[PDB]
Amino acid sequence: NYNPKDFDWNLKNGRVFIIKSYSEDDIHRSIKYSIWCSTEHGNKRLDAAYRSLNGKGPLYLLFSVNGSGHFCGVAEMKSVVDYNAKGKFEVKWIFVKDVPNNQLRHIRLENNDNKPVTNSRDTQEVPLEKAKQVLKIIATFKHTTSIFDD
């Protein structure tokens, strides 16, 4: 299933990034087929990050549709980028749940002009200690809506 209760994020030596999706379609498509597509530049940031980690740590992605006013899940990146068509990479969705920004607005990114983690753009990175705070709020939160509702 999704939304595990016992989830050890294993963040110690990972990195964590914000994904800003252009459409709820892409979220529906990503979940069904365990891939994601970013812009040319953001894919490429993600490729170097992932490859840099070389499996010493996870690379998590926090999804929010543009204008949705909530976060809509977390997935781990599972492959280098594939440029055989567009660039694609595999993702394993771990949490599908609607987390409203009101619950996360108070966390500011001291790497991005102290803007709230909810005021990020695509592939904005979340510092390790703010990511622990974010992911824990996402993990334990009791959602009433979900992208599945659509």
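Numbering starts at 1 and runs along the sequence shown.
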Comparing 122-130 with 6-14, the one whose average Cα B-factor in the PDB entry is higher: 6-14
41-49 set against 22-30, stretch whose average Cα temperature factor tops the other in the entry: 22-30
From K97, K56, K115, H106, can you pick the one with the highest C-alpha B factor in the entry? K56
Among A85, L62, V81, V91, highest Cα B-factor in the entry goes to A85
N101 - Cα temperature factor, lowest/middle/highest third of chain: middle
